[PDB]
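Let's start with one chain on its own, the form deposited in one PDB entry, as structure tokens.
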């Protein structure tokens, strides 16, 4: 299908968004409602995700996290705002989005001319640092720069699932905006946290991996050109 929504563990679901270049996002079905992690590529892809969500739960979409300022994590924002869902990010992500959205949209349209010329839609819930949602069961944190300067990890402690964002994935991928030397230092900062991890969800390629995805990408980025 164009998009799928699939249970990984308990209330934790993976979204495979096969629009444009495949990106994987997540959904958490909570007591009061639904948290989306990654806004998806466009307002259209966001509507498609919302349609899948409504087939699983009647509860409201409470909030959507922009895990970085890029089009694949924030492109859906217009749609999420339109249904009254909070759009959530760190201050850094919001500031970079304000300054650099036009440029990341232009860069996206270079490789994907079919991609829409989306206007800026900023987060309206902006956090000073690390933060949690869903009674502490969804935990967003910064461990340094990697694919972008601002990209955060999202950890689900009950299910021991780590969302890898654009930071962790199977293929080395486009290193254009990447801090290549800092990248492994961020992954080692993550390792030093010693989070219990059974599952890592890569933000591109095939989503479902074990904790080895971290080591897999670390080895790839340490061999990169640059």
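Residue numbers count along the first chain shown, from 1.
Another form, the form solved in complex with a small molecule, is not on view; read the next lines as being about it.
Exercise for review: Using heavy atoms only and a 4.5 Å cut-off, determine which of 33, 43, 173, 184 is in contact with the small molecule in the deposited bound form.
Suggested key: In short, 173.
Exercise for review: With the small molecule left out of view, choose which of 112, 83, 125, 120 has a non-hydrogen atom within 4.5 angstroms of it in the deposited bound form.
Suggested key: Contact residue from the list: 112.
Check your understanding: Tell me which of 104-112, 149-157, 84-92, 131-139 has residues with heavy atoms within 4.5 angstroms of the small molecule in the deposited bound form?
Key -> After filtering at 4.5 Å, what remains is 104-112.
Check your understanding: Heavy atoms within 4.5 Å of the small molecule in the deposited bound form: does residue 166 have any?
Key -> Residue-level check for residue 166: yes, a contact with the small molecule.
Practice item. Mark residue 21 yes when one of its heavy atoms lies within 4.5 Å of a heavy atom of the small molecule in the deposited bound form, and no otherwise. Key: Within the cut-off, so yes.
Review point. Residue 204 near the small molecule in the deposited bound form, any heavy atom under 4.5 Å?
Key: Yes, residue 204 sits close enough to the small molecule in the deposited bound form that at least one of its heavy atoms falls within 4.5 Å.
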